[PDB]
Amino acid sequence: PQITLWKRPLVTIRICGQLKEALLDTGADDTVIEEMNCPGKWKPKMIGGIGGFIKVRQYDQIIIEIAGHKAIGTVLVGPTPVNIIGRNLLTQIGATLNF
């Protein structure tokens, strides 16, 4: 599909059996998902943006479906105000920015 940018580029994702809304974010290196009790081993991480840093849990090889496209990779879980699909998974669903 083609997504114009008049509005936030939100899509439906499925992660750990739950449907969520997430922002397709070319400015994010990594995918960051709102706090949820996913199973699996993790490593702590700090990620920084406007305002400073948040502490997150880094999970590797997590399966996510994004707007119907399957993906698998690193997902950071923590107190983000929005769910963000970053470049690590955008590349897997074939996303490009065009102008």
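Just count from 1 along the sequence shown to find any residue number.
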When the C-alpha temperature factors are averaged for each of 11-19 and 71-79, which stretch ends up with the higher value in the entry?
11-19
Is the mean CA B factor in the deposited entry higher across 34-42 or across 51-59?
34-42
Within-chain third of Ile66 by Cα B-factor, per the entry
middle
Could you place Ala95 in the lowest, middle or highest third of its chain by Cα temperature factor, using the values in the record?
middle
